[PDB]
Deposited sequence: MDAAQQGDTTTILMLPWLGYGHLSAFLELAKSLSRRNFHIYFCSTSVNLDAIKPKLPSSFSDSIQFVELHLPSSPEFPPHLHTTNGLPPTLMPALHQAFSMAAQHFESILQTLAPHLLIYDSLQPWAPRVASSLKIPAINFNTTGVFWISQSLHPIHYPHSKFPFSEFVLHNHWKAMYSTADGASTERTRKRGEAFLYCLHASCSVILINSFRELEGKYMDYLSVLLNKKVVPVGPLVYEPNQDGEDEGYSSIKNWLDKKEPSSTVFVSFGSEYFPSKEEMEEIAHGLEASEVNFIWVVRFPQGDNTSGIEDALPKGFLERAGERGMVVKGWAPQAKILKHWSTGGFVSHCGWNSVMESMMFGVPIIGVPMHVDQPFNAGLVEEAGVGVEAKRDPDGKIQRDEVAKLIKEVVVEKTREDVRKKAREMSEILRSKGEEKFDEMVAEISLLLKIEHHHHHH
């Protein structure tokens, strides 16, 4: 009877976190309208068990479409990076359709992502309470917000240093992007929901709450648990905790030079590895052999397996043969790895990833391969950390911390959603009176 419409950003990681949050709300007797573009809805539907179909319904949001930018491209999943400005612009142009959806479905609440300032504005115009749900962690946000208030002060609560490669990478344009992101958090009604847990980020959540003067409510970690037959057969031939899964997420394509450093690091380590290699949608002129160093797979032999396009990440991470994760440190991948007790070898690429890698290093559940002074990935770093964490297991402290973190995360049940449910109930009761 109480209805919530959820509007994630058009990225697969965002959709996935929103879907897990929808399931938690469905278990609390809420009816959910899950709204996204058709290509995103098609990608996420196989991850919703049929038992949830009655409670969780998918609603198609239409973006402007053209032969140059057709609906199969209305996602960041595999999108050429140069189309990201168009995708953001097209999403802002879906506001009129979103208003029509809200008028037709009249949901009691809207949960929106941090990439859409228009969404709380449409909701306010229709007198629908709106709450911001952030699918990422809080460490990077608190780090980004701290210099605004304290320009001459070190970030407290952490010894993390951002490498110059990221510190270096239109000024007015960057400021506007940050203002739009912060507005989504600031505009939220009463509370901000965050995909995080206090044991990992409690101090940072509290600091963010003070800076924004807004209550921050953790609802994490939100981890989904479900070509695998072939992969499992190969993993079954390996020793326990001997293989590393290599993945850079659904939105990033490493350059040839980056792939060269990763490949040589894997080769030098002598580890078993499963590596997902992807090419942007529309690129039928590119191939695995082209993107990888000459003879690398032939040298690896039985030790190496390359998976084209997409892999069952959760199932691989849960396999007894998996001992490490070479990851770009996307938040969903970090949370999954922590839940499954797999140590992370960090190869962050951009946006929040460097911060996530630093948090993983600070927790002690993983290690970060450092970039060189010119900002390049180093094959020697990758080889050294794989050798220490998976092949020789000289870093027993990291393996122990990863197991302890997994034990903590596995111990949490539906109680983690109690604070969000109580805040939703209070907000709806207050708004009921006002309108």
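No alpha-carbon coordinates exist for the deposited sequence positions 1-8, 178-184, 242-248, 458-459, given here in order along the chain.
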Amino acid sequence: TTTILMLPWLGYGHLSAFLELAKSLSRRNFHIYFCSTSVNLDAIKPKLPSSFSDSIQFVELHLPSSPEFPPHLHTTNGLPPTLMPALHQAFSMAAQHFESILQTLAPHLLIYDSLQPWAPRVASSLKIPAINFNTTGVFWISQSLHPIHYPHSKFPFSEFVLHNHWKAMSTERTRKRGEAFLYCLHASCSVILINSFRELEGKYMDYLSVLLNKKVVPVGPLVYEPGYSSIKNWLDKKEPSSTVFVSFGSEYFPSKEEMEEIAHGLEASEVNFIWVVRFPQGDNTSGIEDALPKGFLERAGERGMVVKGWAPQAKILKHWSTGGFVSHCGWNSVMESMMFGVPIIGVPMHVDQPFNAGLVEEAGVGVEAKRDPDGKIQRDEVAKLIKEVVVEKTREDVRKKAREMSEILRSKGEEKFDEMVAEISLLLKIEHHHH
From here on, numbers count along this sequence of modelled residues.
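In this entry, 143-151 shows the higher mean Cα temperature factor of the pair 143-151 and 217-225. According to the PDB record, 173-181 carries the higher mean C-alpha B-factor of the two stretches 173-181 and 192-200. Among 93, 109, 271, 288, the highest C-alpha B-factor in the deposited entry belongs to 288. Among 120, 156, 323, 346, the highest C-alpha B-factor in the deposited entry belongs to 156. In the deposited entry, the Cα temperature factor of residue 44 sits in the top third of values across the chain's modelled residues.
Among all modelled residues in its chain, residue 340 ranks in the middle third by Cα B-factor.
Per the PDB record, residue ranking by Cα B-factor puts residue 300 in the highest third of the chain.
Residue 394: CA B factor in the highest third of modelled residues in this chain (values from the PDB entry). Ranked against the other modelled residues of its chain, the C-alpha B-factor of residue 425 as given in the entry falls in the middle third.
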